[PDB]
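Computation of the quantities below employed the complete heavy-atom set of this structure, encompassing side-chain atoms and omitting hydrogens, waters and symmetry-equivalent molecules. Position 1 is the first residue of the sequence; numbering continues from there.
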Amino acid sequence: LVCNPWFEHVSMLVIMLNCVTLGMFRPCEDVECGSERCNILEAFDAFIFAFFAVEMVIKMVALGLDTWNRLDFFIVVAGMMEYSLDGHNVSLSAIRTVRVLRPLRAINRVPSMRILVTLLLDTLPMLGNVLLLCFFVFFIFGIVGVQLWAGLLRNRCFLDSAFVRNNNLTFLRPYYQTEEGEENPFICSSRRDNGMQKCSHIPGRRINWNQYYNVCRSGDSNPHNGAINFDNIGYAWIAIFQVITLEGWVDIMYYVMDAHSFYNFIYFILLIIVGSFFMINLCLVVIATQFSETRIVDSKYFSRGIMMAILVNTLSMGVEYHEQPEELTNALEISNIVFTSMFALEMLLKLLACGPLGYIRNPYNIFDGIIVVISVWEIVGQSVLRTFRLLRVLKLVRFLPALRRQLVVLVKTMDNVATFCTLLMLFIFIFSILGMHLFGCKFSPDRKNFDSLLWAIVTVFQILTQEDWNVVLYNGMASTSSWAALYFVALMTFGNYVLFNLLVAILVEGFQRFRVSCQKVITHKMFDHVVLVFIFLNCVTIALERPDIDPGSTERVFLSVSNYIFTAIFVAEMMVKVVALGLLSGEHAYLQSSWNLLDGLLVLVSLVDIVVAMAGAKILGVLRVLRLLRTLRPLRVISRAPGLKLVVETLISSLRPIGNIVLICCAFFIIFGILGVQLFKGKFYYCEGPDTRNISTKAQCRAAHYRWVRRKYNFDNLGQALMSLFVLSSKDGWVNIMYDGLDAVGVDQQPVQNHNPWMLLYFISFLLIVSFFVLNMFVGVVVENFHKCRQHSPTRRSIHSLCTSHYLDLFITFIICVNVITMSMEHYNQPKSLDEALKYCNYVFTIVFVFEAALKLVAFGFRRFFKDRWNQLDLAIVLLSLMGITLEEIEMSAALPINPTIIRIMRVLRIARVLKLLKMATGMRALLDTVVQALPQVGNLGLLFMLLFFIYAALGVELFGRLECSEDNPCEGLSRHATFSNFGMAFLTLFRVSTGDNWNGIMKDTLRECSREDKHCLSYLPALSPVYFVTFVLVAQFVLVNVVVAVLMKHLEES
Ligand SMILES: CCCCCCCCCCCCCCC(=O)OC[C@H](COP(=O)(O)OCCN)OC(=O)CCCCCCCCCCCCCC
Ligand SMILES: CC(C)CCC[C@@H](C)[C@H]1CC[C@H]2[C@@H]3CC=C4C[C@@H](OC(=O)CCC(=O)O)CC[C@]4(C)[C@H]3CC[C@]12C
Ligand SMILES: CC(C)CCC[C@@H](C)[C@H]1CC[C@H]2[C@@H]3CC=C4C[C@@H](OC(=O)CCC(=O)O)CC[C@]4(C)[C@H]3CC[C@]12C
Ligand SMILES: CC(C)CCC[C@@H](C)[C@H]1CC[C@H]2[C@@H]3CC=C4C[C@@H](OC(=O)CCC(=O)O)CC[C@]4(C)[C@H]3CC[C@]12C
Ligand SMILES: CC(C)CCC[C@@H](C)[C@H]1CC[C@H]2[C@@H]3CC=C4C[C@@H](OC(=O)CCC(=O)O)CC[C@]4(C)[C@H]3CC[C@]12C
Ligand SMILES: N#Cc1ccc(Cn2ccc(NC(=O)Cc3ccc(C4(C(F)(F)F)CC4)cc3)n2)nc1
Ligand SMILES: [Ca+2]
C-alpha cells in the first residue's frame, strides 16, 4: 500500500495526467460547457479527483493524524468544495480556478525538486531585512507621489462653458484629444502649476477649433484606462512597481513633467538608484552570503592547414545578402565543392593510416565523419541540409584546447541548472493555466493574449523577461479588475526570486640646465592638481557646445578662443614633460607608459584641428571627423586622479578570466547571425498604409499608392543580423523582432500574422543561450575577485526609569505606525470629513512627540541628551512639525501672507517621521552599513560612471544633435523629452538608455534616412549609430556590475 515505491509511481502518473487535461483547456470553447470534448475532459477530471481522494484515504488510514502532506489535503479540500458545489450557479466559474494548484503535487513526488524547494523556503526567513527596506522605499515614494501628483493626470484641455453655450454649437468634442483617441491623451498643465505642456501648445487644424481648447481642468479618466495615476496609495504602488522594473518608466515620468513640473526627474532618478539598483541587488547579496554559509597527418603544419581551411569556409557563409548576383551564388557553391572535397580527402588519409576501428576510437573523428557524409549527401542529392553546413564550425574545438576547456566548464554548470529549470517550467505552467482562467479570451485579439496554452506560455515567458509586461498589465487591469495587478506582481516577484537562487547556486559551486628645472616641475606635488583644474575647465567648454549657438554670437567667440588657449596649455604641458623625461630614448621616457601615449595623441589631434581650421578649402568632410575626436579630451582626467587610474586598471584586469566566455558568445552571435540571414533575408519588407489588410504583394502595394518599406531591424545580411541579434540579447524590443520572424512569408510578399509559429524556437533559443553565457560571465568576475581577495533627584528619577525602559520605544513605535496608516488614507477628492479627522490626528501626534522630547530632556539632561544623534533627529522632527502646524493654522485663518507652495513642502516633509522607525530596525541598519563600508570602492566607480556619461553625452550632441521629429518624419524613440539638442538633454537621454527603457527606439531614429530637402545631413550616421549605443550599453552595465561585486565581496568578508 504505502510502504512500496510503485504506489508513488502510480500517483506520479496521474499527477502528470492532470497536467495534460489542464493544458487542453480552451477559454472561450470550454467555459460554455457545450462541446462533447469538454464533457469527456470533465469526466477525466472527475476520475482523477476520485483517485486523489482515494490516495488520501489510504495514506490517512496508514499513518493517521509535514508541509507536503498538508498541501495534499488543502488541494483536495478545495477540490472537494468546488466538486461538491456544482449545482449553484453563483460564482461557479470563479471557483474552478482552484484546479491550477494541482501540478504543485509533482513537487513532493520528485525527490530532487523536493530538496530544492526546501532550500528556497528555508532561505526566505532571512530576507526580512531586505523586505523591510522594500516597504520603506514603496511607502516613502508612495506618499511623496500622492501628495504631489494626485489627480493631475486627469487634466485635459476643455472648451469654455460660455463659448459652447453662447455660440449655440455642441458638435465639437468636449476636450482636445488626438486623432488616435484616448490612448494618447494630451495632459495639460493647470494654471496653478508649471508643467511643460500647456493648452497653448495644441497643434492647429490640419475651421480652427483646436485653438478654442483653452481651459485645463480635471477630466474623468487617467491614462491607460485608469491604470496609471497617483490618486491613492494603491495606484501609486503600481506606478512605483512598474518604474522599479525599468519597463515603461519614462512614460510615467513624462506624464508628470507635462502636468506638474520639469524637475520631477529628480524623483525618478532617486527611485531608480535607490529602489531599482540598490534594493534589488541587495536581494542578490543577502542570498549569496546565506547560501555560502549553508607521420604527415600528425604534423603540426597539416593541422594548421585544416584549421584555416575550416575558418575560411565558415566565414564565406557570411558573405550572403539579399540581392546576390547569380555569379556570387555560384561561387559559393563552387567553393562548397572544394572545401567538401578537402574534408573528404582528409577522412580517406586518416582511415588508411588507422583503419575503421582505429578511426572510430576517437570521438572527434566520428563527429568529423558524420559531417562529411551529410555534406556529400547534399551534393549528390542536388534547403534542409544547407542549414546543417553551420555545424562545420564545431570542428575548431579539437584545435582549441583553451576554448575546449571552457566548454566543459559551462557544461558542468548545466547539471545544477537543470534542477532549477525543472522548477521554473512547472512555475511557468501554473501561471500560464492561471492566466487562461483569469484573462482567457478577454483581451479582445491582441497577440499578447491568454487564449490558448501556446500563447499563454509565450506571454508568461515574456513577462519574466520584462518586455512590454506593462502592456499586458493594462489589458489585465482593464478587462477583469484593477486587483489583477497581483497576478503580475506575484509572477515577477516569484520568478526573479527563483532566478537569483540559480545565480547563487553557480557562485557557491564556483567558490567551492633647463632640463633640470623641468624635472623639478613635473615632480612637484601640485603639478597634477594644477593641470586637473585646466582639464575641468575644458569640460565646461565642451558641455557648453550645442548646435543652436549662432556663428556670430559672443558665446561662439568665447568658445573659439578658449579652444586656442587650452590647446596651447596642453602642448606646453606635454613639451615640458617630454624635455624632462625624453621622448622614447630613456627608460623613464615619455612614451614608456600608455597613459602618456594617450595624452600625446590628444595633443596631436588638437594640432591637426588648428591646421585644418587654418585652411577656404574643401576640407568639410575631414573637419567633422576631428570634431568627434575632440569629445575624448576628458579622458585625460583618469591619469591625473590616482583613484580613477586604479579602478580603470581593475576593470581591464577583470576581463581576463572571462575572455574565453566572450569568445564563445561572439562565435555564437555569428553562427546565429548567419542562420538568421538564411531564414529571414528579404522577408522583412511590408506595405505601409491606412488600409493594408487587402494588400498581399509588393505589386499591389504600388497599385494602391502606398509605400513598400523595410524594418529597421532585419536580417538582409550578416551586418544587419548582428544588429538585430544584439537588440534581442538586450531583451528590449525583442518581441517586435520575433513578430517579424513569425510573420515572414517571402520576398515581395506581405507578412501574415503568426504565419510560421515554429520560429519561436529560433528567438527563444537565442535568448536563453545568450542569457546563460552572460550569467557565467558575472560568475566569472565574482569568482576572480573572491580568489584574489582571499589571497590578500527623587521626582526626576521616576521619569528617568520610564525613558530608560523599553516601554517608551514601543509606545513611540505604535504612534508612528498609526501615523503611517493615516498618511496612506489621503487620496484625490477625499471628503471634507476625512480632512478634519486627519488634521485632528496630526495634533495628537505632534503633542505626543513634544512630550517625548520633554521627558528625555528631564531624564538625560540638556547636553547629554543632545549628544545622541537619534535625540538630535527627534528634536528636528518636533521642530519641523511645529512649523508645519503653524503655517497650516495661520494660512487657514483670514490672513494669507504665505504661498501655497511653502505649505505643500511642509506637508510633504512630514514623511520624515518614518526615520524614527529606522532606530528600531537594528537588522536593517546593519544591512545598510554594509553599503556604507563599500563607498571607497563604489565611490571611485561612480566617478568612472559619471565620466563615461560625460564623454558619450558630448559625443551624442555632436552626432544626433540636429535630428528632427515631425508628422512628415515621425520618430519612435525621440520626443520633446528625449533629445540630444544640448548637453543637459543628452545627459537625461543616456540615463534612459542606461536603464534600457526603449533604447532600441532611439537607435531607430538615428538609422532613418535624411530628407532630400533638408541640409546638415550626415551620410554615414547609420553606420556610426550602432557602435555608439552598443559600446555605451556594454560599458555602462559592466561598470555597474563591478559596483555590485564590490558590495558583494565586502558583505562576505564582513562575516
Ligand atoms: C510594499 C507594499 C506593496 C508593494 C506591492 C506593489 C504592487 C501593489 C499592487 C496592489 C494594488 C492594487 C489595487 C489598486 C487600488 O487600490 O485601486 C484599485 C481600486 C479600484 O478598483 P476598480 O477597478 O473596481 O475601480 C473602479 C472604481 N469603481 O481602488 C480601490 O477601491 C482602493 C482600495 C485599495 C486601497 C489601496 C490599498 C491597497 C493595499 C495593497 C496591498 C498589496 C500588497 C501586495 C504585496
Ligand atoms: C563640467 C560640466 C559638468 C558643468 C555642468 C554642466 C553645464 C555646462 C550644463 C548643465 C546645464 C546646461 C544648460 C541647460 C539649459 C540650457 C538652455 C539652452 O539654451 C538656449 O539657448 C535656450 C533654448 C532655446 O534656444 O530656445 C541650451 C543650453 C543651456 C544654457 C545648457 C548649457 C550647458 C549647461 C550649463
Ligand atoms: C566576419 C566576422 C568574424 C566579424 C563581423 C564582420 C561583419 C560586420 C562583416 C562580415 C561580412 C560583411 C558583409 C559582406 C558583404 C556585404 C554586402 C553588401 O551589399 C550591398 O552593398 C548591398 C547591395 C544591394 O543589395 O543593393 C553590404 C555590406 C555587407 C552586408 C557586409 C557588411 C559587414 C559584414 C557583415
Ligand atoms: C557582435 C555584437 C556584440 C554586435 C556588435 C556591433 C554590431 C551591431 C555592429 C558592428 C559592425 C556594424 C555594421 C558596420 C557597417 C554597417 C553599414 C551599413 O552596412 C550596409 O551597407 C548594410 C545595409 C545595405 O545593404 O545597404 C549598415 C549598418 C552596418 C551593417 C553596421 C550594423 C551594426 C554592426 C553589425
Ligand atoms: C497602511 C497600509 C498597509 C495600507 C492599508 C491602510 C488602509 C486603512 C488604507 C490604505 C489606502 C486607503 C484607501 C485609499 C483610497 C481609497 C479610495 C477612496 O475612493 C474610492 O473608493 C475610489 C474608487 C476608484 O476610483 O477606484 C475610498 C477610500 C480608499 C479605498 C482608502 C481606504 C483606506 C485604505 C485602504
Ligand atoms: N547611476 C545609476 C544607474 C542605476 C540603475 C540603472 C538601471 N540598472 C539597474 C540595475 C542595473 N545593472 C546592474 O545591476 C549590473 C548587473 C547586470 C547583470 C547581473 C546578472 C543578472 F542578475 F542580471 F542576471 C547576473 C548576470 C547582475 C548585476 N542597471 N542605470 C543607471
Ligand atoms: Ca523595454
* To do: Please find out if less than 6.0 Å separates the ring center of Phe987 from that of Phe950.
  => no
* Please report the closest heavy-atom contact between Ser981 and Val957, naming both atoms and the distance. => O-CG1, 4.4 Å
* To do: Check whether any side-chain heavy atom of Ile522 sits under 4.5 Å from a side-chain heavy atom of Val576, and report yes or no.
  => yes
* For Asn596, does its backbone N or O pair with a side-chain atom of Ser593 as donor and acceptor, under 3.5 Å? -> yes
* Sub-4.5 Å side-chain heavy-atom contact between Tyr713 and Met1003 -> yes
* Asked: Charged N to carboxylate O under 4.0 angstrom, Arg710 versus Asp716?
  -> yes
* Structure fact -> What one should report as the nearest heavy-atom pair of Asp732 and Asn998 is OD2-N, 2.9 Å
* **Salt bridge present between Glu573 and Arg640 (N-O < 4.0 angstrom)** => yes
* Structure fact -> Heavy-atom nearest pair, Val393 first then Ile671, reads CG1-CD1, 3.8 Å
* Is a side-chain donor or acceptor of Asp997 paired with a backbone partner of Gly248 at a separation under 3.5 angstrom? -> yes
* Asked: Under the 3.5 angstrom rule, does the side chain of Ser517 hit a backbone N or O of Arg513 as a donor-acceptor pair?
  -> no
* Asked: Is there side-chain contact between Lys577 and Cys518, with at least one heavy-atom pair below 4.5 Å?
  -> no
* Can you name the salt bridge (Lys or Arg N to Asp or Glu O under 4.0 Å) partners of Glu649, sequence neighbours left out? -> none
* To do: Taking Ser966 for its side chain and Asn969 for its backbone only, find out whether a donor-acceptor pair lies under 3.5 Å.
  => yes
* Hey, could you give me the CD1/CZ distance between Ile619 and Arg624, rounded to the nearest 0.5 Å? => 13.0 Å
* Asked: Any ion pair linking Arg556 and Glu545 (charged N to carboxylate O, less than 4.0 Å)?
  -> yes
* Asked: Are there more than 12 heavy atoms of other residues, nucleotides or ligands under 6.0 Å from atom CZ of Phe536?
  -> no
* Asked: In terms of side-chain heavy atoms, does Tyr254 have a donor or acceptor partner in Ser975 at a distance below 3.5 Å?
  -> no
* **Test of ring centre spacing under 6.0 Å for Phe1032 and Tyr1028** => no
* Report the C-alpha separation of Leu559 and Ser562 in whole Å, then their side-chain angles, then the decisive distance to 0.1 Å, and conclude whether the side chain to side chain contact (heavy atoms under 4.5 Å, CB included) test is met. => CA-CA 5 Å; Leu559 297 176; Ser562 301; 5.7 Å; no
* Asked: Less than 4.5 Å apart, any side-chain heavy atom of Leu403 and any of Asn660?
  -> no
* Asked: Are the charged groups of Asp609 and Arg630 less than 4.0 angstrom apart, N to O?
  -> yes
* Asked: Would you call the rings of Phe980 and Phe1029 parallel, tilted or perpendicular, where under 30° means parallel and over 60° means perpendicular?
  -> perpendicular
* **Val611 vs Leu607 side-chain heavy atoms within contact, under 4.5 Å** => no
* Asked: Stepwise, does the side chain to side chain contact (heavy atoms under 4.5 Å, CB included) test hold for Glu587 with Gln592?
  -> CA-CA 7 Å; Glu587 189 270 357; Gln592 290 275 91; 4.2 Å; yes
* **Side-chain heavy-atom pair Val1047, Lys1050 within 4.5 angstrom cut-off** => no
* Asked: With a 4.5 Å heavy-atom cut-off, do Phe983 and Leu544 have their side chains touching?
  -> no
* Asked: Taking all non-hydrogen atoms of both residues, which atom of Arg992 and which atom of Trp249 are closest, and how far apart?
  -> CA-CZ2, 4.3 Å
* With side chains defined as the heavy atoms from C-beta onward, is the minimum distance between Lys681 and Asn717 less than 4.5 Å? -> no
* Residue pairs fulfilling salt bridge (charged side-chain N to carboxylate O under 4.0 Å, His left out) with at least one residue in residues 772-786, sequence neighbours excluded -> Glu784-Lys788
* **Residue list, salt bridge (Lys or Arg N to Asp or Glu O under 4.0 Å) with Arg711, at least two apart or on another chain** => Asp740
* Taking it one step at a time, do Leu328 and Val319 satisfy side chain to side chain contact (heavy atoms under 4.5 Å, CB included)? -> CA-CA 9 Å; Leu328 207 179; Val319 313; 4.2 Å; yes
* Decide if the gap between the ring center of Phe669 and the ring center of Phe766 is smaller than 6.0 angstrom. => yes
* To do: For residues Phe265 and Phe262, establish whether the separation of their ring centroids is below 6.0 Å.
  => yes
* **N-O pairing of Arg627 and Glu958 below 4.0 Å** => yes
* Indicate whether any N or O donor in one side chain lies under 3.5 Å from an N or O acceptor in the other, for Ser560 and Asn563. => no
